[PDB]
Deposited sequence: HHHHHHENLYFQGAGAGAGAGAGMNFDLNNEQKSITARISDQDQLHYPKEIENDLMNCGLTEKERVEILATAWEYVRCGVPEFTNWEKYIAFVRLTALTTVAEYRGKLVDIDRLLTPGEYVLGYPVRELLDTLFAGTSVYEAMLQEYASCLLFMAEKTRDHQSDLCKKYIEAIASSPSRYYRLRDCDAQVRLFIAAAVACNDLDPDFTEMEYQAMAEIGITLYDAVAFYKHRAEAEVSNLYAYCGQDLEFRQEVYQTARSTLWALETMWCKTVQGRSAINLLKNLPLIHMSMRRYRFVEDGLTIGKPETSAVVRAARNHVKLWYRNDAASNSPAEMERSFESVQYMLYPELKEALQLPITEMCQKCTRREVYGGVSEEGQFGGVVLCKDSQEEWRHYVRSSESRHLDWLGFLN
């Protein structure tokens, strides 16, 4: 059975969602916030965050329902949520307010673009951008998985002002995505996902085991250094729980898969994702444009969407339309590019030790 707070139990009504979708979305949102932000003090901000996460959850598989262009507009209700009021409740008066408005809007924008019927030109630029370099992959995947957003929101929900540097967010996101994309590897290969680190680094278990071990070891060092402050724990709890949600949350298959993690995906799981079982989304193979959406983009994504075509790797394999054709759904790196990514991911420890002080 699904459990969530009475405050939200009448949310998302009269929206175009069935009763079964509506209760699964509210439960997913609650369970994600609980797992990623286990320590909090401010219930008003916490529930506003859960509501923003319910809207994220809708965007992640039924993007057509979500009016991306009204998310940051004062007074606009999106599926009954006053989105900008919720973001102001969570972040107004913090040092990351403006950046997190862009982070949230940019996330749902490419959630909805990826979960659209017909692939837009803007969506194609995104899919080619996240394959352009491992550092770019990590920064754009941060927004897509809301890693820095959850870390900042967690601090905000303890009535503190997040004080992380840019290089601190970047180190933290690389650690968390290295772990999460490893656990999600078979889920994501079933979704014909573009957004998985190992779609670009390569699919050999040896590499995945190695960099998973290094990421979890760096995260234990970080936990040991940071566990005595509320901001430190806010960060630790999000990162450490990213890989663990596959066992703790009903969004995932631990029970249905016979109490296992890490069994390769089957065409059965492919069809489950297509039919939105656990609110998954299979990307099978333009209306929004750069010009219409660029106000909501954080700087690195705005740059990523305008990369000079003359500097794109020609030995990497592109497609006219991305997604599943019945693997991963995006660019296939050439051996030179793939070695650049594997090198970058293997050099994490030295990079992170520097960035994290």
#### Entry: Missing stretches, numbered from 1 on the deposited chain sequence and kept in order
1-43, 329-335, 377-379, 411-413
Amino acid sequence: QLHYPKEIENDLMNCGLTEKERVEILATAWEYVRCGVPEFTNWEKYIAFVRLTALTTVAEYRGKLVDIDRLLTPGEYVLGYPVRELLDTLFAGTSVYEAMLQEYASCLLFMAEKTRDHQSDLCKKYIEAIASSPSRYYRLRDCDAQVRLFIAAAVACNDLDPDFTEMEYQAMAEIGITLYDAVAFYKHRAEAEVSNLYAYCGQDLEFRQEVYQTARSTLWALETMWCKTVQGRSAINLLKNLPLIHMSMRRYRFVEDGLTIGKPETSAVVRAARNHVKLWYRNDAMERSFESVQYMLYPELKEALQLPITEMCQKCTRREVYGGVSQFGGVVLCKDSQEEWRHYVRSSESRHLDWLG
From here on, numbers count along this sequence of modelled residues.
### Task
Pick between 6-14 and 21-29: the one whose mean CA B-factor in the entry is higher.
6-14
### Message
Tell me which stretch, 267-275 or 80-88, has the higher mean Cα B-factor listed in the entry.
### Response
267-275
#### Entry: Residue selected from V58, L301, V321, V37 by maximal Cα B factor
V321
### Query
Between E174, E256, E128, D204, which one tops the list for C-alpha B-factor in the PDB entry?
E256
### Message
Sorting by Cα B-factor within the chain, modelled residues only, which third would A154 end up in: lowest, middle or highest?
### Response
lowest
#### Entry: Third assignment of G232 from its chain's C-alpha B-factors
lowest
### Message
Per the entry's values, where does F290 land by CA temperature factor relative to the rest of its chain, in the lowest, middle or highest third?
### Response
highest
### Third of the chain, ranked by Cα B-factor, where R208 sits
middle
### Query
Within this chain, which third does the Cα B-factor at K45 fall in: lowest, middle or highest?
lowest
